[PDB]
>>> print(open('work17.txt').read())   # compact mmCIF, C-alpha atoms and all ligand atoms
# COMPACT_ATOMS: atom_id res chain seq x y z
CA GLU A 62 0.00 0.00 0.00
CA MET A 63 3.11 2.19 0.13
CA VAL A 64 4.08 1.60 -3.50
CA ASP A 65 3.56 4.70 -5.66
CA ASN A 66 2.97 6.94 -2.64
CA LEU A 67 5.27 9.64 -4.04
CA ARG A 68 4.61 12.26 -6.72
CA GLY A 69 6.88 14.91 -8.21
CA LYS A 70 10.03 15.49 -10.28
CA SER A 71 13.76 16.08 -9.68
CA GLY A 72 13.48 19.78 -10.45
CA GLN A 73 10.69 20.52 -7.97
CA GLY A 74 10.89 17.68 -5.46
CA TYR A 75 9.23 14.39 -4.60
CA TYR A 76 6.48 14.48 -1.99
CA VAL A 77 4.35 12.16 0.11
CA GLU A 78 0.91 12.80 1.58
CA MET A 79 0.82 13.32 5.34
CA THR A 80 -1.67 14.57 7.91
CA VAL A 81 -0.95 16.85 10.83
CA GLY A 82 -3.12 17.77 13.80
CA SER A 83 -6.48 16.76 15.28
CA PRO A 84 -8.64 16.50 13.30
CA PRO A 85 -6.22 15.52 10.52
CA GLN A 86 -5.12 18.24 8.12
CA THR A 87 -3.82 16.82 4.85
CA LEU A 88 -0.61 18.27 3.39
CA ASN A 89 1.84 17.19 0.70
CA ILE A 90 5.34 16.96 2.16
CA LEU A 91 8.65 16.90 0.25
CA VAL A 92 10.87 13.96 1.17
CA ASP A 93 14.34 15.29 1.97
CA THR A 94 17.22 13.04 3.04
CA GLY A 95 19.43 16.13 3.02
CA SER A 96 18.00 17.79 6.14
CA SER A 97 16.48 16.84 9.49
CA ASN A 98 13.68 19.30 10.21
CA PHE A 99 10.00 18.56 9.64
CA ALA A 100 8.37 21.84 8.68
CA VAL A 101 5.14 22.93 7.05
CA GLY A 102 3.74 26.16 5.68
CA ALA A 103 1.63 27.59 8.49
CA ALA A 104 0.64 30.97 7.06
CA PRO A 105 -0.58 32.18 3.65
CA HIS A 106 1.95 32.33 0.83
CA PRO A 107 1.39 33.05 -2.88
CA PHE A 108 2.62 29.57 -3.81
CA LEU A 109 0.72 27.65 -1.13
CA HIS A 110 -2.63 26.03 -1.94
CA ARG A 111 -3.17 25.22 1.72
CA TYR A 112 -1.31 25.42 5.02
CA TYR A 113 -1.15 24.09 8.58
CA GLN A 114 -3.75 25.82 10.75
CA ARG A 115 -2.59 25.40 14.34
CA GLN A 116 -5.75 26.92 15.81
CA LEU A 117 -7.81 24.08 14.34
CA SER A 118 -5.73 21.39 16.03
CA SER A 119 -6.60 20.37 19.60
CA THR A 120 -3.38 18.39 19.90
CA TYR A 121 -1.00 21.18 18.87
CA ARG A 122 1.53 22.15 21.56
CA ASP A 123 3.61 25.33 21.22
CA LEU A 124 7.25 24.90 22.25
CA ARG A 125 7.74 28.66 22.59
CA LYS A 126 10.93 28.61 20.53
CA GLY A 127 11.68 29.95 17.07
CA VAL A 128 13.75 28.23 14.40
CA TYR A 129 15.57 29.29 11.23
CA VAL A 130 16.68 26.91 8.50
CA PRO A 131 18.88 27.85 5.51
CA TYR A 132 19.25 25.44 2.58
CA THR A 133 21.48 25.61 -0.47
CA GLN A 134 18.31 26.85 -2.14
CA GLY A 135 15.79 28.78 -0.05
CA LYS A 136 15.36 29.48 3.65
CA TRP A 137 12.54 29.77 6.16
CA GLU A 138 11.77 30.72 9.74
CA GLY A 139 9.04 29.39 11.96
CA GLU A 140 7.73 28.49 15.39
CA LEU A 141 8.48 25.11 16.97
CA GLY A 142 5.75 22.92 18.39
CA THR A 143 4.54 19.33 18.41
CA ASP A 144 1.41 17.65 17.08
CA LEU A 145 0.06 14.33 15.84
CA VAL A 146 1.29 13.18 12.44
CA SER A 147 0.21 10.34 10.16
CA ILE A 148 1.11 9.08 6.69
CA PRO A 149 -2.07 7.85 4.95
CA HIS A 150 -0.17 5.77 2.40
CA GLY A 151 2.60 4.70 4.74
CA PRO A 152 2.61 2.74 8.02
CA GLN A 153 -0.78 2.87 9.74
CA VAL A 154 0.50 4.61 12.85
CA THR A 155 0.18 8.04 14.40
CA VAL A 156 3.10 9.73 16.13
CA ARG A 157 3.57 12.95 18.04
CA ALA A 158 6.43 14.78 16.34
CA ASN A 159 8.24 18.10 16.34
CA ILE A 160 6.89 20.46 13.68
CA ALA A 161 8.25 23.81 12.56
CA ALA A 162 5.35 26.04 11.55
CA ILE A 163 6.76 28.18 8.77
CA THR A 164 5.65 31.80 9.17
CA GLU A 165 8.10 33.44 6.77
CA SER A 166 10.21 32.15 3.90
CA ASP A 167 12.37 33.19 0.96
CA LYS A 168 12.78 31.27 -2.30
CA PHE A 169 11.75 28.09 -0.51
CA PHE A 170 8.22 27.28 -1.69
CA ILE A 171 8.01 26.53 -5.42
CA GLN A 172 5.12 27.66 -7.59
CA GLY A 173 3.21 24.65 -8.91
CA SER A 174 5.22 22.06 -6.97
CA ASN A 175 2.08 20.88 -5.15
CA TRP A 176 3.84 20.49 -1.80
CA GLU A 177 3.40 22.56 1.35
CA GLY A 178 6.10 21.29 3.68
CA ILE A 179 9.31 19.29 3.99
CA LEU A 180 10.28 16.09 5.80
CA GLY A 181 13.91 16.07 6.86
CA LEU A 182 14.88 12.41 7.05
CA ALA A 183 18.50 12.83 8.14
CA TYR A 184 19.95 12.74 11.65
CA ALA A 185 19.53 15.01 14.66
CA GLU A 186 23.12 16.23 14.36
CA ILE A 187 22.08 18.64 11.59
CA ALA A 188 18.65 19.58 12.95
CA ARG A 189 18.04 23.23 13.83
CA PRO A 190 18.17 24.91 16.27
CA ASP A 191 20.35 22.01 17.44
CA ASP A 192 20.54 18.24 17.88
CA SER A 193 18.06 18.26 20.76
CA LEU A 194 15.19 18.61 18.28
CA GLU A 195 14.29 15.00 17.56
CA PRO A 196 13.71 14.42 13.82
CA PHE A 197 10.47 12.84 12.61
CA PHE A 198 11.84 9.44 11.68
CA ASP A 199 13.48 9.09 15.07
CA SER A 200 10.12 9.80 16.71
CA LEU A 201 8.40 7.33 14.38
CA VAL A 202 10.77 4.53 15.33
CA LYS A 203 10.62 5.31 19.05
CA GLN A 204 6.83 5.45 19.15
CA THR A 205 5.91 2.55 16.85
CA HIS A 206 7.12 -0.91 15.85
CA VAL A 207 8.50 0.40 12.54
CA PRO A 208 12.00 -0.94 11.74
CA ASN A 209 14.76 1.67 11.65
CA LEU A 210 15.04 1.78 7.86
CA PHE A 211 13.39 3.34 4.84
CA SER A 212 13.91 3.12 1.10
CA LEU A 213 13.29 5.49 -1.79
CA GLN A 214 12.48 4.75 -5.40
CA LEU A 215 12.34 8.07 -7.25
CA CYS A 216 10.99 7.69 -10.78
CA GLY A 232 6.19 9.62 -8.99
CA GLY A 233 7.87 6.87 -7.01
CA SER A 234 7.79 5.07 -3.67
CA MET A 235 8.90 5.64 -0.11
CA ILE A 236 8.87 2.32 1.71
CA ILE A 237 8.92 2.95 5.43
CA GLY A 238 10.36 0.26 7.66
CA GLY A 239 11.49 -2.07 4.92
CA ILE A 240 12.60 -3.02 1.43
CA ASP A 241 10.25 -3.82 -1.45
CA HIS A 242 11.72 -6.35 -3.88
CA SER A 243 9.24 -5.42 -6.61
CA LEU A 244 10.96 -2.04 -6.79
CA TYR A 245 14.40 -3.22 -7.91
CA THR A 246 16.26 -5.76 -10.03
CA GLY A 247 19.60 -7.45 -9.47
CA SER A 248 21.68 -7.11 -6.32
CA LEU A 249 21.69 -4.53 -3.53
CA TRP A 250 25.16 -3.11 -2.86
CA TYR A 251 25.91 -1.31 0.40
CA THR A 252 28.19 1.59 1.22
CA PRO A 253 28.81 2.58 4.87
CA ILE A 254 27.26 5.66 6.39
CA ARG A 255 30.50 7.34 7.42
CA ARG A 256 28.93 9.63 10.01
CA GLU A 257 25.34 9.99 11.16
CA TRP A 258 24.47 13.58 10.43
CA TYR A 259 23.81 13.88 6.74
CA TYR A 260 23.67 10.52 5.06
CA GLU A 261 27.41 10.78 4.45
CA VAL A 262 29.16 8.32 2.15
CA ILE A 263 32.59 7.92 0.55
CA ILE A 264 33.34 8.05 -3.18
CA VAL A 265 36.60 6.26 -4.01
CA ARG A 266 36.77 6.66 -7.79
CA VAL A 267 35.10 8.55 -10.64
CA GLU A 268 35.14 7.50 -14.30
CA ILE A 269 33.74 9.15 -17.41
CA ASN A 270 33.26 6.81 -20.35
CA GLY A 271 35.34 4.36 -18.33
CA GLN A 272 38.20 6.83 -18.00
CA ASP A 273 39.51 7.58 -14.51
CA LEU A 274 39.49 11.27 -13.58
CA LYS A 275 42.82 10.42 -11.96
CA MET A 276 42.44 12.51 -8.82
CA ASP A 277 43.44 11.92 -5.21
CA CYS A 278 40.24 10.31 -3.97
CA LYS A 279 39.93 12.65 -0.99
CA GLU A 280 39.07 15.30 -3.58
CA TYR A 281 35.83 13.47 -4.41
CA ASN A 282 34.73 13.89 -0.81
CA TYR A 283 36.30 17.25 -0.07
CA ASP A 284 34.38 18.40 2.93
CA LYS A 285 31.92 15.50 2.55
CA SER A 286 29.73 13.49 0.18
CA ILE A 287 26.01 13.05 0.89
CA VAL A 288 22.91 11.36 -0.51
CA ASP A 289 20.25 14.04 -0.80
CA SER A 290 16.76 13.52 -2.24
CA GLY A 291 16.00 17.19 -1.62
CA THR A 292 18.67 18.50 -4.01
CA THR A 293 18.14 18.26 -7.76
CA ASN A 294 21.62 18.01 -9.25
CA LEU A 295 24.69 15.93 -8.88
CA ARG A 296 26.82 18.58 -7.20
CA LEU A 297 30.60 18.14 -7.24
CA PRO A 298 33.51 19.87 -5.47
CA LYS A 299 34.93 22.58 -7.74
CA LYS A 300 38.08 20.65 -8.66
CA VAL A 301 36.10 17.51 -9.45
CA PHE A 302 33.43 19.48 -11.29
CA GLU A 303 35.96 21.17 -13.54
CA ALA A 304 37.62 17.85 -14.34
CA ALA A 305 34.28 16.18 -15.04
CA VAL A 306 33.14 18.94 -17.40
CA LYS A 307 36.42 18.71 -19.29
CA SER A 308 35.94 14.97 -19.79
CA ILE A 309 32.28 15.26 -20.74
CA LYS A 310 33.12 18.03 -23.22
CA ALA A 311 35.80 15.84 -24.78
CA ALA A 312 33.41 12.91 -25.17
CA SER A 313 30.63 15.03 -26.68
CA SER A 314 32.97 17.18 -28.77
CA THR A 315 31.21 16.32 -32.03
CA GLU A 316 28.81 19.02 -30.86
CA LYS A 317 29.78 22.30 -29.20
CA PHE A 318 27.67 24.02 -26.57
CA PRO A 319 27.87 27.49 -24.99
CA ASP A 320 29.69 27.86 -21.68
CA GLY A 321 26.36 28.80 -20.15
CA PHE A 322 25.05 25.29 -20.74
CA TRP A 323 27.92 23.72 -18.82
CA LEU A 324 27.31 26.24 -16.05
CA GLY A 325 23.86 24.72 -15.69
CA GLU A 326 22.31 28.05 -16.60
CA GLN A 327 20.89 27.85 -20.11
CA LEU A 328 19.01 25.09 -21.92
CA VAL A 329 20.23 22.95 -24.77
CA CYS A 330 17.46 21.96 -27.18
CA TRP A 331 17.05 19.50 -30.04
CA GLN A 332 14.15 18.90 -32.43
CA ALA A 333 11.68 16.73 -30.54
CA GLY A 334 12.84 13.12 -30.49
CA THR A 335 16.33 13.75 -31.86
CA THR A 336 18.36 14.13 -28.65
CA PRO A 337 21.87 12.70 -29.38
CA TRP A 338 22.13 10.56 -26.24
CA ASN A 339 24.97 8.55 -27.72
CA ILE A 340 27.45 11.43 -27.86
CA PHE A 341 27.22 11.93 -24.09
CA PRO A 342 29.26 9.67 -21.76
CA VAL A 343 28.24 7.44 -18.87
CA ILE A 344 29.49 8.52 -15.45
CA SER A 345 30.58 5.89 -12.94
CA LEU A 346 30.72 6.73 -9.26
CA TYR A 347 32.54 4.11 -7.20
CA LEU A 348 31.37 3.94 -3.59
CA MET A 349 33.26 2.45 -0.65
CA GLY A 350 32.16 -1.10 0.11
CA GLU A 351 31.58 -2.79 3.46
CA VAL A 352 34.92 -4.65 3.23
CA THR A 353 38.47 -3.26 3.20
CA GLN A 354 39.49 -1.80 -0.18
CA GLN A 355 36.38 -3.20 -1.87
CA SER A 356 34.02 -0.93 -3.80
CA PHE A 357 31.08 -1.04 -6.17
CA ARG A 358 29.96 1.43 -8.83
CA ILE A 359 26.72 3.06 -9.84
CA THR A 360 26.57 4.21 -13.45
CA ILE A 361 24.70 7.32 -14.57
CA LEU A 362 23.37 7.75 -18.13
CA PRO A 363 22.98 11.13 -19.84
CA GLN A 364 19.23 10.60 -19.57
CA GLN A 365 19.90 11.11 -15.87
CA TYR A 366 22.25 14.11 -15.89
CA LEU A 367 20.58 16.05 -18.70
CA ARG A 368 17.39 17.12 -16.95
CA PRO A 369 14.28 17.60 -19.13
CA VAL A 370 12.65 21.01 -18.77
CA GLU A 371 8.94 20.96 -19.60
CA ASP A 372 7.76 24.15 -21.26
CA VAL A 373 4.93 24.21 -23.78
CA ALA A 374 6.52 27.29 -25.34
CA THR A 375 9.61 25.32 -26.38
CA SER A 376 7.78 22.08 -27.04
CA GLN A 377 8.68 21.89 -30.72
CA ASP A 378 11.97 20.75 -29.17
CA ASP A 379 13.16 18.63 -26.30
CA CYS A 380 15.20 20.88 -24.02
CA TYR A 381 17.46 20.07 -21.09
CA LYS A 382 19.54 21.60 -18.35
CA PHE A 383 22.94 20.18 -17.47
CA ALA A 384 22.24 18.82 -13.98
CA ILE A 385 25.82 18.47 -12.82
CA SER A 386 27.04 21.56 -11.01
CA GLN A 387 29.71 22.97 -8.73
CA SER A 388 29.76 22.80 -4.94
CA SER A 389 31.83 24.41 -2.20
CA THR A 390 30.35 22.14 0.46
CA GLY A 391 31.20 18.73 -0.95
CA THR A 392 29.49 16.22 -3.22
CA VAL A 393 25.71 16.05 -3.23
CA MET A 394 24.17 13.00 -4.86
CA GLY A 395 20.85 14.60 -5.64
CA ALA A 396 17.61 13.41 -7.17
CA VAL A 397 18.89 13.09 -10.73
CA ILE A 398 21.40 10.55 -9.38
CA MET A 399 18.86 8.73 -7.19
CA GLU A 400 16.35 8.37 -10.02
CA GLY A 401 16.65 4.97 -11.69
CA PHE A 402 18.06 3.49 -8.50
CA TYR A 403 16.35 1.97 -5.50
CA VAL A 404 18.09 3.46 -2.48
CA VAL A 405 17.89 1.85 0.95
CA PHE A 406 18.63 4.06 3.94
CA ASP A 407 19.53 1.29 6.36
CA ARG A 408 19.92 3.31 9.55
CA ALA A 409 19.85 0.19 11.71
CA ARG A 410 23.03 -1.10 10.05
CA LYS A 411 24.58 2.31 9.30
CA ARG A 412 24.70 1.76 5.54
CA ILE A 413 23.11 2.85 2.28
CA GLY A 414 22.12 0.27 -0.30
CA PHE A 415 21.86 0.82 -4.04
CA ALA A 416 20.18 -1.36 -6.64
CA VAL A 417 18.93 -0.82 -10.17
CA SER A 418 15.35 0.46 -9.99
CA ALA A 419 12.34 -1.20 -11.60
CA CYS A 420 11.67 2.24 -13.05
CA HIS A 421 14.74 2.69 -15.22
CA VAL A 422 15.43 4.91 -18.20
CA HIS A 423 17.86 3.10 -20.48
CA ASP A 424 17.85 3.18 -24.27
CA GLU A 425 18.58 0.11 -26.38
CA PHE A 426 22.37 0.43 -26.06
CA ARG A 427 23.22 1.36 -22.47
CA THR A 428 21.68 0.55 -19.08
CA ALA A 429 22.24 2.23 -15.71
CA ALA A 430 23.90 -0.25 -13.36
CA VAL A 431 24.92 -1.06 -9.82
CA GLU A 432 27.74 -3.57 -9.90
CA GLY A 433 30.85 -4.93 -8.24
CA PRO A 434 33.00 -5.90 -6.55
CA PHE A 435 36.08 -3.86 -7.44
CA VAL A 436 39.37 -3.80 -5.56
CA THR A 437 41.84 -0.97 -5.06
CA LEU A 438 45.58 -1.19 -4.37
CA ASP A 439 46.03 2.36 -3.06
CA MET A 440 45.46 2.17 0.69
CA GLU A 441 44.57 5.84 1.07
CA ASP A 442 41.44 6.57 3.10
CA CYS A 443 39.24 8.65 0.80
CA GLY A 444 37.37 10.39 3.59
CA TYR A 445 38.33 14.03 3.92
CA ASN A 446 37.73 14.23 7.69
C1 LIG A 501 13.35 19.44 -4.45
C2 LIG A 501 14.46 20.08 -5.27
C3 LIG A 501 14.46 21.60 -5.13
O1 LIG A 501 15.54 22.14 -5.90
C4 LIG A 501 16.82 22.31 -5.29
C5 LIG A 501 16.92 22.26 -3.86
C6 LIG A 501 18.17 22.43 -3.21
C7 LIG A 501 18.18 22.38 -1.74
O2 LIG A 501 18.81 23.20 -1.06
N1 LIG A 501 17.41 21.42 -1.15
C8 LIG A 501 17.27 21.31 0.32
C9 LIG A 501 15.77 21.14 0.66
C10 LIG A 501 14.84 22.00 -0.20
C11 LIG A 501 13.73 21.39 -0.85
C12 LIG A 501 12.85 22.16 -1.65
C13 LIG A 501 13.06 23.55 -1.81
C14 LIG A 501 14.16 24.17 -1.16
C15 LIG A 501 15.04 23.40 -0.36
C16 LIG A 501 18.13 20.16 0.88
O3 LIG A 501 17.90 20.03 2.27
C17 LIG A 501 19.63 20.42 0.68
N2 LIG A 501 20.41 19.54 1.54
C18 LIG A 501 21.73 19.92 2.08
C19 LIG A 501 22.72 20.23 0.94
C20 LIG A 501 21.53 21.16 2.98
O4 LIG A 501 21.72 22.30 2.56
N3 LIG A 501 21.13 20.85 4.23
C21 LIG A 501 20.87 21.87 5.24
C22 LIG A 501 22.12 22.06 6.14
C23 LIG A 501 21.85 23.13 7.22
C24 LIG A 501 20.60 22.79 8.07
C25 LIG A 501 19.35 22.53 7.18
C26 LIG A 501 19.64 21.46 6.10
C27 LIG A 501 19.33 22.65 -3.98
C28 LIG A 501 19.25 22.70 -5.40
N4 LIG A 501 20.37 22.93 -6.16
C29 LIG A 501 21.19 24.11 -5.93
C30 LIG A 501 22.32 24.04 -6.94
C31 LIG A 501 22.07 22.79 -7.79
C32 LIG A 501 20.82 22.16 -7.19
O5 LIG A 501 20.33 21.12 -7.62
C33 LIG A 501 17.99 22.53 -6.03
>>> encode(input="work17.txt", output="structure tokens", more="lines below")
Ligand SMILES: CCCOc1cc(C(=O)N[C@@H](Cc2ccccc2)[C@H](O)CN[C@@H](C)C(=O)NC2CCCCC2)cc(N2C=CCC2=O)c1
Amino acid sequence: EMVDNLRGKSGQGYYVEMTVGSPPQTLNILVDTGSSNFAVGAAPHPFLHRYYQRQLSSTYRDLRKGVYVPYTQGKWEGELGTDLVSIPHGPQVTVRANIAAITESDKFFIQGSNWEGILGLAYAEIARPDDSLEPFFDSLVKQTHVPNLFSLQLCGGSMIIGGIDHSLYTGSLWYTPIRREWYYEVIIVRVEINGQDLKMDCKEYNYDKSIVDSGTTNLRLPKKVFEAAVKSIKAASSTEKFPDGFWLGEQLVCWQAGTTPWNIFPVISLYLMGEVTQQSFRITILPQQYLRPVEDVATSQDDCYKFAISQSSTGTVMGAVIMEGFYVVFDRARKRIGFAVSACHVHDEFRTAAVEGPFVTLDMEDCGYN
């Protein structure tokens, strides 16, 4: 009953239906593994179809404390409280959870996204105001019999709470350790483009950190890695030349509908640390993943895309365009993240996104930045 309980797209977010308060108020909530605050619009906003009305809830409790949360994109401020929360198409439980009632925001809510709040699924260590504010999933596990694990299949899609759904993936699940429990932090040990090693000290791939983040759209790479990746992708696709603004993820590239030259763009392989010493596995990303379709009726004589790999100063972010096509298991109980090929895959007749291994490495360097 949890299958297909997500709607949305990489550019605007994937969301699940939830209820808050007594009696239940229904809201669509973006699923975000890149933060740890549960927050909902709680006052009118031009882009909100509905919002949390605290005065209508008999179970609302004000915590008499404000909270401010800045993201890479957008920020909001609100008032902390607790109330009853349920997930109509998830586990049939009700939990009392912390909720930030958003009273002001900037560039956070997205016009037409159809969601009104955000569910931070990461760990308390990055919750605001601080780690004393128990995140929703922690409350869910404490208050119910739900196993300490969830999985995401972003396509709509599915959030499976408390378990793994075999119908949602094919082949084997490969696991990489969660290096530290704050973000879902992982370690990348190698990057290839078209099979060619970027040939970089592997700490560079994780400079600062690397995280798995359903709330970010792009694959975001540390500047040094980003520049090297663009150089390699340019070289592979050199039979066509694009403006610098395309590679900067600013402007669209368009082709006559149906004629997108997928074959001239390379596959990207990200090798993740395995659960055994010096062992790794790789996930492979097709251009159908990293060239993000931009729907616009005005341009619809063409298919147009944005380059969805971009620069970061805060480490690697494996965003939604990376997670799409994979089934991703956030195995909190065992401190690991699993990857498998998703049942909803976009591969043409020549290449297929993959999760595969094992691979071994001779260089004993720890790739974590620290
Ligand atoms: C759903 C996709 C929306 O599009 C987007 C969204 C974001 C973005 O900032 N997403 C937020 C949530 C959001 C969801 C929806 C709207 C706004 C924010 C997510 O939490 C980001 N996670 C990490 C990186 C983070 O910044 N954590 C915070 C640390 C401090 C404490 C609070 C958590 C970046 C983005 N970017 C920016 C550059 C390239 C890219 O893809 C495109």
>>> residues_around(input="work17.txt", residues="residue A:188", least_positions_apart="6", cutoff="10 Å", atoms="all atoms listed in the file", output="JSON, numbers by chain")
{"A": [96, 97, 98, 99, 130, 181, 194, 195, 196, 258, 259]}
>>> atom_distance(input="work17.txt", atom1="atom CA of residue A:345", atom2="atom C10 of ligand LIG 501 (chain A)")
25.9 Å
>>> atom_distance(input="work17.txt", atom1="atom CA of residue A:160", atom2="atom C25 of ligand LIG 501 (chain A)")
14.2 Å
>>> closest_residue(input="work17.txt", among="A:297, A:210, A:328, A:409", to="ligand LIG 501 (chain A)", atoms="only C-alpha atoms and all ligand atoms")
A:297
>>> closest_residue(input="work17.txt", among="A:391, A:354, A:340, A:332", to="residue A:317", atoms="all atoms listed in the file")
A:340
>>> residues_around(input="work17.txt", residues="residue A:162", least_positions_apart="6", cutoff="7 Å", atoms="all atoms listed in the file", output="MDAnalysis selection string")
chainID A and resid 100:103 139:141
>>> residues_around(input="work17.txt", residues="residue A:171", least_positions_apart="3", cutoff="8 Å", atoms="all atoms listed in the file", output="PDB file with C-alpha atoms, in the coordinates of the input")
ATOM      1  CA  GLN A  73      10.690  20.520  -7.970  1.00  0.00           C
ATOM      2  CA  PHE A 108       2.620  29.570  -3.810  1.00  0.00           C
ATOM      3  CA  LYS A 168      12.780  31.270  -2.300  1.00  0.00           C
ATOM      4  CA  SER A 174       5.220  22.060  -6.970  1.00  0.00           C
TER       5      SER A 174
END
>>> residues_around(input="work17.txt", residues="residue A:214", least_positions_apart="2", cutoff="10 Å", atoms="all atoms listed in the file", output="PyMOL selection string")
chain A and resi 64-65+67+212+216+232-236+241+244-245+399-405+416-420
>>> closest_residue(input="work17.txt", among="A:366, A:338, A:112, A:251", to="ligand LIG 501 (chain A)", atoms="all atoms listed in the file")
A:366
>>> residues_around(input="work17.txt", residues="residue A:209", least_positions_apart="3", cutoff="8 Å", atoms="all atoms listed in the file", output="VMD selection string")
chain A and resid 202 238 407 to 409
>>> write_last_selection(input="work17.txt", atoms="C-alpha atoms", output="PDB file, in the coordinates of the input")
ATOM      1  CA  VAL A 202      10.770   4.530  15.330  1.00  0.00           C
ATOM      2  CA  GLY A 238      10.360   0.260   7.660  1.00  0.00           C
ATOM      3  CA  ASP A 407      19.530   1.290   6.360  1.00  0.00           C
ATOM      4  CA  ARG A 408      19.920   3.310   9.550  1.00  0.00           C
ATOM      5  CA  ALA A 409      19.850   0.190  11.710  1.00  0.00           C
TER       6      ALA A 409
END
>>> residues_near_ligand(input="work17.txt", ligand="ligand LIG 501 (chain A)", cutoff="7 Å", atoms="all atoms listed in the file", output="PyMOL selection string")
chain A and resi 71-75+91+93+95-97+130-135+169-171+179+187-189+289+291-296+386+393+395
>>> atom_distance(input="work17.txt", atom1="atom CA of residue A:299", atom2="atom CA of residue A:281")
9.7 Å
>>> closest_residue(input="work17.txt", among="A:427, A:382, A:115, A:255", to="residue A:412", atoms="only C-alpha atoms")
A:255
>>> residues_near_point(input="work17.txt", point="(47.1, 4.7, -3.0)", cutoff="12 Å", atoms="all atoms listed in the file", output="VMD selection string")
chain A and resid 265 to 266 275 to 279 354 436 to 443
>>> closest_residue(input="work17.txt", among="A:388, A:193, A:336, A:315", to="residue A:159", atoms="all atoms listed in the file")
A:193
>>> closest_residue(input="work17.txt", among="A:69, A:85, A:444, A:342", to="residue A:283", atoms="all atoms listed in the file")
A:444
>>> residues_near_point(input="work17.txt", point="(8.5, 19.8, -28.4)", cutoff="10 Å", atoms="all atoms listed in the file", output="PyMOL selection string")
chain A and resi 330-334+371-380
>>> closest_atom_pairs(input="work17.txt", of="stretch 243-294 of chain A", to="stretch 308-314 of chain A", cutoff="12 Å", atoms="all atoms listed in the file", output="JSON lines")
{"residue": "A:267", "atom": "CA", "partner": "A:308", "partner_atom": "CA", "distance": 11.2}
{"residue": "A:268", "atom": "CA", "partner": "A:308", "partner_atom": "CA", "distance": 9.3}
{"residue": "A:269", "atom": "CA", "partner": "A:308", "partner_atom": "CA", "distance": 6.7}
{"residue": "A:270", "atom": "CA", "partner": "A:312", "partner_atom": "CA", "distance": 7.8}
{"residue": "A:271", "atom": "CA", "partner": "A:308", "partner_atom": "CA", "distance": 10.7}
{"residue": "A:272", "atom": "CA", "partner": "A:308", "partner_atom": "CA", "distance": 8.6}
{"residue": "A:273", "atom": "CA", "partner": "A:308", "partner_atom": "CA", "distance": 9.8}
{"residue": "A:274", "atom": "CA", "partner": "A:308", "partner_atom": "CA", "distance": 8.1}
{"residue": "A:275", "atom": "CA", "partner": "A:308", "partner_atom": "CA", "distance": 11.4}
